[PDB]
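Visitor: Generate coordinates for the sequence data below:
(chains A, B, C, D, E and F)
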Amino acid sequence: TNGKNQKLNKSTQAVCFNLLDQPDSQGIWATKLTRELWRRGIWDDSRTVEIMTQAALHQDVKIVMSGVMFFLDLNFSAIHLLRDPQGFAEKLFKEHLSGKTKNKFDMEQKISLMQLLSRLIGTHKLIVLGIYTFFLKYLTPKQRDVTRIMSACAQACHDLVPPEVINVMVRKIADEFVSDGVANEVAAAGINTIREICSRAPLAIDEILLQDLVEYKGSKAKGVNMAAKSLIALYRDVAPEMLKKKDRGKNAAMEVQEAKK
Amino acid sequence: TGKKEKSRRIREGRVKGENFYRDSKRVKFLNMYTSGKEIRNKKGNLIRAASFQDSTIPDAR
Amino acid sequence: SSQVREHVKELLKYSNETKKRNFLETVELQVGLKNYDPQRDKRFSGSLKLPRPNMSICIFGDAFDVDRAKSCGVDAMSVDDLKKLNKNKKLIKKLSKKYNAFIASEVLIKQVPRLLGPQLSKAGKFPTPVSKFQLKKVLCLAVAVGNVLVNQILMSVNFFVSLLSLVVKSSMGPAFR
RNA sequence: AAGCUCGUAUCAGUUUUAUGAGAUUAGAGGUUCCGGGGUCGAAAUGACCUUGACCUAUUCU
RNA sequence: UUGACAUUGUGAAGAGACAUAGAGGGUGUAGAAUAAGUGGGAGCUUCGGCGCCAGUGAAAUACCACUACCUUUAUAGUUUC
RNA sequence: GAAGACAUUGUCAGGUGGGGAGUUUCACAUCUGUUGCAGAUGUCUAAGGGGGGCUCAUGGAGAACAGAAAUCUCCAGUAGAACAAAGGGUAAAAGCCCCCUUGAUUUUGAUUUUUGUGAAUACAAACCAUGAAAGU
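Guide: Numbers count the residues shown, from 1 in each chain, chains lettered A, B, ... in the order given. See below for the structure:
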């Protein structure tokens, strides 16, 4: 209350560390407690975020989840007290999802791991390049709760990554969501999750498919029209030469006419 | 001052008869025992018919 | 103002009091002001600048660029002067840490993250195409402005307040507020 | 009700004349790589086993 | 019912704070070691102990500046209890 | 005897006080809660001008891989197409493509919708775009 009893906090963080070592489940009482104290603002310190990092890097599922939900809660200020976020994300993606393919986590937990990885990556300009092929298995409309997965796909995109590994993603989505015969919600979800990719990685889809997607402006369904207008207004301010003359809306065209001579 | 509905609503977080007792939902239930009644003017003629006595022939398609 | 001139004059005289440590003392400006909280993302970034960093740059390039910049007095590299380096993290980190900055051709800023990916992006010296003062987490911010030119100090100060005590310093000299 | 500009001819509960205005795949099989059971597997993205959902050919407009 | 003022005078001893002047500090792991952090860089040298070049580490140590926190030393006075 | 600068007493200021008084009775849709909700994010809230060229939807016949749908050629086709889902209007266009521009510009008054504006409407002077031009 008055002043932070460092002699006490530093002592009762050591027991959390020495609980998380015991690999059965006993770090539950460290994670559940450190989350409470962070929420009450009593343990705002660099020493504590390491505990939840180690929990996220643990083998027990209910401890890993406590760590992941701590670092989630859009993320919290604890990211700004990490020691190496890039190596953290690399170790997570290597241990849990891809490395051994132990298949311990269910889909509801895999999605929460994906959310954390993508939201760290987009925020801190990280580079892993395995993410973008791991998503492709799950990017199918016949898959369980894909609107969460594709909303994290965009969150791992940058201005500073090779756009080919995102081109393959966009061409998977385009092949499987805005193809022939697909439904209105499916096509609208595809276009909406592509334009919010291109808002971070603009040169990740080329003009030839950009035009194929702005085809769907006057689509009579009111989902695909609202979606295509967003892509058009996105590339009207960024790369309006990829768009055709029909779409450059009275100022992009005037800016191009003066700057083309 | 602490015993005021204003202060109660402030410290906690509309219908006639909401107190420390008897929230919204409860007042409506307890009004059922009374106001299945028939409204009239001063000379005497129906303004608002009683509940479940509207007396209008609908379009039954 | 010319209250900068009296400061810089006997800084240049301190130039000739403890003369030489057999190098050249660069000039620096340290910014101190209050009223902002960087733990919230109040971020700033601006690169509208022009020095003498004992220029040590490493350009990656092609045949068209390596024999362009063999002149110039510059360290240069092939693409497979980089391809045959990924096997050793501390090796690819030592070159990371060697040079003050990095540049590369317009072709190789698609391939450089596959090779020098984790490094060279958090370090804040990622290359830039050819043919900074980031408010990351702290209130403290120092920038190297020049060498042993009073104009440059004000030139940078107006830009910093443009973006938003002031101190000027040399390698071992004192502080002048 | 009290009046005041003046006493034209304009008016009219009327007429005349012209003229406009959804559910069905049983029958075949492929997948779920998040649902995995089965003899087996130090070890295995298997022989096959079913729950399935999936892509299908049907019917009305 | 609890607080302030007044009635309300004569004495004493203690604790806390304003306000200045100071003084020092940092173990998750690895690393010689207990790394706030940031920025300049490869000696002022009593020693050339050393700083650079050498690991290990997100971050590298001399030398000199910046501006964050933490803990303590003294009472011109200031007051409160 | 006790007690003592406290209690008390006086004035202010918070709290309690039905004991008592007076009185009333614009949008599809991933992201947090109540139940299948009101709320929070982000996401739509929209290219007009004047010149030229050309006809659309659909069907039939026909061509290696090529099939009901990939590209090509011919015939029919008053609109069955498109123009922000059974409706009016539009076919050398009011539609698609192409060329040039950005009159979606200022000043002076007039009319309808409407006393308040805005909206649309025509009207003249200038700067302008367009086409060879009429003219817009």
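Visitor: Tell me how many other residues crowd residue C:135.
Guide: 16 (other CB atoms under 10 Å in any protein chain shown). All C-beta spots, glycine's among them, are computed from the backbone N, C-alpha and C.
Visitor: Isn't it up against residue C:41?
Guide: No - with contacts counted by CB atoms under 8 Å, residue C:135 stays clear of residue C:41, the gap being 9.3 Å.
Visitor: joint contacts of the two?
Guide: Counting by CB atoms under 8 Å, 6 or more residues apart in numbering or on different chains, no residue touches both residue C:135 and residue C:41.
Visitor: Sketch out the strands for chain C, chain order is fine.
Guide: Counting by DSSP state E, chain C has strands at residues C:27-31, C:57-60, C:75-77, C:101-104, C:141-146, C:167-170.
Visitor: likewise the stretch 151-261 of chain A?
Guide: Assignment of strands within the stretch 151-261 of chain A using DSSP state E, counting those that start in this stretch yields no ranges at all.
Visitor: Around chain C, pick out the residues from it.
Guide: Counting by CB under 8 Å from any CB of the partner chain, the residues of the stretch 151-261 of chain A close to chain C are A:160-164.
Visitor: From residue A:250, how far out is residue A:257?
Guide: 11 Å (CB to CB, to the nearest Å).
Visitor: more neighbours, those two?
Guide: residue A:257 (10 against 7).
Visitor: Wait, residue C:14 touches residue C:175, no?
Guide: No - Residue C:14 is beyond contact range of residue C:175, at 11.4 Å (criterion: CB under 8 Å).
Visitor: So which of these two has more stuff around it?
Guide: residue C:14 (17 against 10).
Visitor: who's in contact with that one?
Guide: Contacts of residue C:14 (CB under 8 Å, 6+ apart): C:170, C:173-174.
Visitor: Switch those residues over to TSV; also include neighbour count and distance to RNA strand E.
Guide: What follows is the contacts of residue C:14, written out as TSV (neighbours: other CB atoms under 10 Å in any protein chain shown; distance: CB to the nearest atom of the strand, whole Å):
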residue	neighbour count	distance to RNA strand E
C:170	20	7
C:173	16	6
C:174	10	4
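Visitor: which neighbours do residue A:257 and residue A:250 share?
Guide: Between them, residue A:257 and residue A:250 share no contacting residue, judged by CB under 8 Å, 6+ apart.
Visitor: In three-state terms, label residue B:25 for me.
Guide: helix (DSSP: H, G, I helix; E, B strand; the rest coil).
Visitor: how many neighbours does residue A:75 have?
Guide: If we define neighbours as other CB under 10 Å, then residue A:75 has 14 of them.
Visitor: ditto for residue C:43
Guide: Using other CB under 10 Å: residue C:43 sits among 9 other residues.
Visitor: hang on, it packs against residue C:135?
Guide: Yes - taking CB under 8 Å as the definition, residue C:43 is a contact partner of residue C:135 at 5.4 Å.
Visitor: what sits against residue 47?
Guide: Reading this off chain A. A:10, A:13.
Visitor: think we crossed wires, I meant chain C
Guide: C:132-133.
Visitor: Now the phi/psi pair for it, please.
Guide: Backbone torsions of residue C:47, given as degrees, to the nearest 10, read phi -130, psi 30.
Visitor: Quick one: residues contacting the residue nearest to residue C:62 when sequence neighbours are not counted.
Guide: Spatial nearest neighbour of residue C:62, chain neighbours left out: residue C:105 (5.9 Å); criterion: CB to CB, 6 or more residues apart in numbering or on different chains. Applying CB under 8 Å, 6+ apart, one finds that residue C:105 lies in contact with C:59-62, C:64-65, C:129-131.
Visitor: tell me which element the residue in the stretch 1-150 of chain A that RNA strand F sits nearest to falls in.
Guide: Residue nearest to RNA strand F within the stretch 1-150 of chain A: residue A:147 (3.8 Å; CB to the nearest atom of the strand). According to DSSP states H and E, residue A:147 maps onto helix A:146-153.
Visitor: who does that helix touch, helix- and strand-wise?
Guide: With contacts taken as 3 or more CB pairs under 8 Å, 6 or more residues apart in numbering or on different chains; DSSP states H and E, helix A:146-153 sits against helix A:107-124, helix A:131-138, helix A:184-198.
Visitor: In chain C, what residue lies closest to chain A?
Guide: residue C:117 (4.3 Å; CB to the nearest CB).
Visitor: nearest residue to that residue other than its sequence neighbours?
Guide: Closest to residue C:117 by CB to CB, 6+ apart is residue A:127, at 4.3 Å.
Visitor: next one: residue A:96
Guide: residue A:113 (6.0 Å).
Visitor: on that earlier part again, which one of the contacts of residue C:105 sits closest to residue C:162?
Guide: residue C:129 (26.1 Å; CB to CB).
Visitor: what about the closest one, how many residues close to it?
Guide: Neighbours of residue C:129 (other CB under 10 Å): 11.
Visitor: Hmm, it is touching residue C:109, no?
Guide: Yes - counting by CB under 8 Å, residue C:129 touches residue C:109, with 5.7 Å between them.
Visitor: Out of the helices and strands packed on helix A:146-153, which is the most enclosed?
Guide: Ranked by mean neighbour count, the helices and strands packed on helix A:146-153 are led by helix A:184-198 with a mean of 21 (mean count of other CB atoms under 10 Å in any protein chain shown).
Visitor: Keeping just the C-alphas, turn that one into CSV.
Guide: Only the C-alpha atoms of helix A:184-198 are listed here, as CSV (Å, rounded to 0.1, in the frame of the first residue of the first chain):
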residue,chain,number,x,y,z
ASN,A,184,-22.2,-14.5,-50.3
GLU,A,185,-20.9,-14.7,-46.7
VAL,A,186,-17.9,-16.8,-47.9
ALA,A,187,-17.0,-14.3,-50.7
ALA,A,188,-17.4,-11.3,-48.4
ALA,A,189,-15.3,-12.9,-45.7
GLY,A,190,-12.5,-13.6,-48.3
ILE,A,191,-12.5,-10.0,-49.7
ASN,A,192,-12.7,-8.4,-46.2
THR,A,193,-9.8,-10.5,-44.9
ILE,A,194,-7.8,-9.7,-48.0
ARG,A,195,-8.2,-6.0,-48.0
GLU,A,196,-7.1,-5.8,-44.3
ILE,A,197,-4.1,-7.8,-45.4
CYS,A,198,-3.3,-5.3,-48.1
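Visitor: That helix near RNA strand D at all?
Guide: No - residues of helix A:184-198 contacting RNA strand D under CB under 7 Å from any atom of the strand: none, with a closest distance of 10.1 Å.
Visitor: and that helix, what does it pack onto?
Guide: Using 3+ CB pairs under 8 Å, 6+ apart: helix A:184-198 touches helix A:146-153, helix A:164-177, helix A:224-235.
Visitor: which residues touch it?
Guide: Under CB under 8 Å, 6+ apart, the answer for helix A:184-198 is A:141, A:146-147, A:150-151, A:153-154, A:157, A:166, A:169-170, A:173-174, A:176-178, A:182, A:204-205, A:213, A:216, A:221, A:223-224, A:226-228, A:230-231, A:234-235.
Visitor: How far off centre is stretch A:59-77?
Guide: With CA atoms, centre = their mean, to the nearest Å as the basis, stretch A:59-77 stands 15 Å off its chain's centre.
Visitor: Need the CA coordinates for that stretch. PDB is fine.
Guide: Taking C-alpha atoms only, stretch A:59-77 is exported to PDB below (Å, rounded to 0.1, in the frame of the first residue of the first chain):
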ATOM      1  CA  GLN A  59       4.500 -28.300 -21.300                       C
ATOM      2  CA  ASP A  60       1.300 -28.300 -19.300                       C
ATOM      3  CA  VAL A  61      -1.700 -27.000 -21.200                       C
ATOM      4  CA  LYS A  62      -3.500 -25.200 -18.400                       C
ATOM      5  CA  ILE A  63      -0.300 -23.300 -17.600                       C
ATOM      6  CA  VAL A  64       0.500 -22.500 -21.200                       C
ATOM      7  CA  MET A  65      -3.000 -21.100 -21.600                       C
ATOM      8  CA  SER A  66      -2.700 -19.000 -18.400                       C
ATOM      9  CA  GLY A  67       0.500 -17.500 -19.900                       C
ATOM     10  CA  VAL A  68      -1.100 -16.900 -23.300                       C
ATOM     11  CA  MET A  69      -4.300 -15.300 -21.800                       C
ATOM     12  CA  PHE A  70      -2.100 -13.100 -19.600                       C
ATOM     13  CA  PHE A  71      -0.200 -11.800 -22.600                       C
ATOM     14  CA  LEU A  72      -3.500 -11.200 -24.400                       C
ATOM     15  CA  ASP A  73      -5.300  -9.700 -21.500                       C
ATOM     16  CA  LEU A  74      -5.400  -5.900 -28.600                       C
ATOM     17  CA  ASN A  75      -2.600  -6.800 -26.100                       C
ATOM     18  CA  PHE A  76      -1.500  -5.300 -22.800                       C
ATOM     19  CA  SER A  77       1.500  -3.300 -21.700                       C
END
